[PDB]
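Encoded as structure tokens, the following chain is the form deposited in one PDB entry, with no partner shown.
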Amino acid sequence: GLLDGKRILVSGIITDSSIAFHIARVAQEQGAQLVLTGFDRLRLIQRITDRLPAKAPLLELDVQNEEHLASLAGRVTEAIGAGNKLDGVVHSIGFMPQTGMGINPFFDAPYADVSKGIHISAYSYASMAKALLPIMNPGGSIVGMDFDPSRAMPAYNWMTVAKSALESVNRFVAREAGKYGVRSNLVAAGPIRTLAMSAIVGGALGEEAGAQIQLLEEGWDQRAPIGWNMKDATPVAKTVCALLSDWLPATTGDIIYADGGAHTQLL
């Protein structure tokens, strides 16, 4: 077991197509004892997570709720038991209002919506680290989900800006995490066919947006020297578990690219 007898918090499960679900699944398969956090639809998330190989306590976490973050460490300690600490934390949380994405013009996205997006997608990685580092063991690992924003691309728009902010936050979280002997890193995943992506490809945020994202997917597999399967989140999940493990102990404030090596090729 890669994560044998490691206590790992996993956020960001909403459906069985969620990357976080596949992270949670592979984590438990490798002997990790999980604490799950969920947002808004808790009855749904509890039902979805019942299909995981092992049962895991589910805590409510809205990263925009200061009370939720303030109480989180206590609620996690209650779930995993007194005198026990976290060895792992997975940030798999991302949102951007429709106005900040798709055929909705880049300039027409009002800041109130962008701010909400940056709050949930970027700042939330710092606030999660703050809440949970006090209850994290030395040799611990914090991992966030990233989408390479080094270059602008159609439709992703302000979500790309939010990911650029996240990458920057990760490098600062790493500074703080370092004091606790804890690593902080992002996995830059290739495109994964979640509900949200499938909807976007289906034209949910306008036709050209779906068209450009479908062209982006196809270009991604073409470029990737080992190919890229957008319907298979397992390679991403295994990469998150690699960073949660003891086998990247000199990597922090950094980004691991689980993208089939697409970002290393132009074509």
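So that the term is clear: the rigid core is the largest set of C-alpha atoms that superpose within 1.5 Å between two forms. Shifts are known only where both forms have a C-alpha. All residue numbers are counted from 1 along the displayed sequence.
The following text describes the form deposited in another entry, which does not appear among the structures shown.
Visitor: Have a look at 57, 203, 31, 53 and give me the residue whose C-alpha moves 2 Å or more between this form and the one not shown, with the fit done on the rigid core.
Guide: Spelled out, the residue whose C-alpha shifts by 2 Å or more is 203.
Visitor: Determine, after fitting the two forms on their core, whether residue 232 shows a C-alpha shift of 2 Å or more between this form and the one not shown.
Guide: False for residue 232: its C-alpha shift is below 2 Å.
Visitor: Determine whether the C-alpha of residue 42 shifts by 2 Å or more between this form and the one not shown once the rigid core is superposed.
Guide: Comparing forms between this form and the one not shown, the residue 42 CA shifts below 2 Å.
Visitor: Once the two forms are fit on the core, has residue 212 moved its CA by at least 2 Å between this form and the one not shown?
Guide: Yes, the C-alpha moves 2 Å or more.
Visitor: Since the CA distance of residue 101 and residue 204 differs by 3 Å or more in the other form, is it closer or farther than in the form displayed?
Guide: Relative to the displayed form, residue 101 and residue 204 draw closer in the other form - a change of at least 3 Å between their C-alphas.
Visitor: Note whether the distance between the C-alpha atoms of residue 202 and residue 106 decreases (closer) or increases (farther) in the other form, against the displayed form; the change is 3 Å or more.
Guide: Closer: residue 202 and residue 106 approach by 3 Å or more in the other form.
Visitor: Superpose on the core, then tell me which runs of at least 3 consecutive residues have all their CA atoms shifted by 2 Å or more between this form and the one not shown.
Guide: Runs moving 2 Å or more: 198-205, 207-217.
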